[PDB]
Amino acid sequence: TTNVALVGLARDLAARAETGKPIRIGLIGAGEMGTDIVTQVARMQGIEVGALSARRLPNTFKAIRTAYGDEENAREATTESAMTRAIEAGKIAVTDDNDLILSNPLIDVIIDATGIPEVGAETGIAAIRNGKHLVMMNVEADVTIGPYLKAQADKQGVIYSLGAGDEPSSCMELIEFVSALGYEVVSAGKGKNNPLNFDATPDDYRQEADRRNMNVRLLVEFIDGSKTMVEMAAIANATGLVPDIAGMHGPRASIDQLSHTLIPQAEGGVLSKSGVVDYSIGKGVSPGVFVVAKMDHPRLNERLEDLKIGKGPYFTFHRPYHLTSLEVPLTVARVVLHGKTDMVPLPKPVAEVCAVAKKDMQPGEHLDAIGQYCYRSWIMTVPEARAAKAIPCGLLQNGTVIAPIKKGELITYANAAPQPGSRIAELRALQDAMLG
């Protein structure tokens, strides 16, 4: 199929296949991301989906039919013996009970692809308790309780990673390159073609969501900035880069303008200092990620100028693609074959994803969910978040409004209360104790 000789990670995956025992993924969630992963794995060597769960059993069969064209690879399992039988018979065992997957002895690595943060919290800690590696796609959960999950993974001798293919992990590839070379990372982040619309709600997008089948919440959280705030917080929390101002600058800049824009004001850009996470509004940046780096030696500056990388001392490194869920099996391969993580949070977070009201709300109302009507994410430094008593955005779904809140106002422990009994609130309390 590939037309090429096997090299690097491809060759390692071919050698694994030759052992007769593939790397086996337990995949939790059969929606769009999950369905993508089944499809992607079916063309790789040495890596298989052993079992697939969803809240409703029909969805597992649906994912598998979309991947293969029919449901013949699927076999329902309601017990461990049935599941292990199915896997050894070369079937994908399907179930609506996540615990059968999380506890099966043949499963090497867990991927949660449900897009539900509370669920990413629940399944993540259970995967670690059961002695399985854990590949996290729920960035909303990672930026809330990632440090805690990583510490628990270390105690059990397993690996925790964000999955490759999304902007934060793609951007870590560039960051590792620039910093291994000893260069200053001035700014890093992602682009957007068009201005954000912070007032967006599902009323503006229901029509498009319906025609494209897709979850209207995704459009909304994309357009209102929330996903951008979350992705940039994950980069910050893995590096020590910080937002320069709450919400970031988000200037207008094409790909060719980043290196004169997301740089210090002293050198003509918009930043108060070097070492930031930010994003741009303009052409040619998306669908990838970037790092603006500085050169510290005149010879290195000259060499990059001769190669037409730019005009120094600031230079833009672009990765012009990210394939989302399709890259996540490469993380699985590196984790199991090489014992390497693609991306972990630092022990001490430097940014918090906070939230701002999208409309006026009164005491007794409930906050809804990201990508809906009540609030949108807003990145702050930890010290500014704490000073303002901001509630982490991952805690807010179905939270209670306790004092009047006006449009544009920060959501805080003074004006709202999270549902106290969430797994995610419980794990975040444990994280806060561990840090203190």
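When you see a residue number, it is the position in the sequence shown, counting from 1.
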Averaging the C-alpha temperature factors as deposited, the higher value of 234-242 versus 303-311 falls on 303-311
Quick note on 397-405 and 374-382: per-entry mean CA temperature factor is higher in 397-405
The largest CA temperature factor among 140, 342, 360, 327 is found at 360
Note to self: of 159, 86, 350, 332, the C-alpha temperature factor tops out at 86
Binned into thirds over the chain's modelled residues, the C-alpha B-factor of residue 71 lands in the middle
Residue 30: CA temperature factor from the record, placed by chain third, in the highest
For residue 196, the third of its chain by CA B-factor is the highest
Sorting the chain's modelled residues by C-alpha B-factor and splitting them into thirds places residue 91 in the middle
Split the chain's modelled residues into thirds by Cα B-factor; residue 10 lands in the lowest
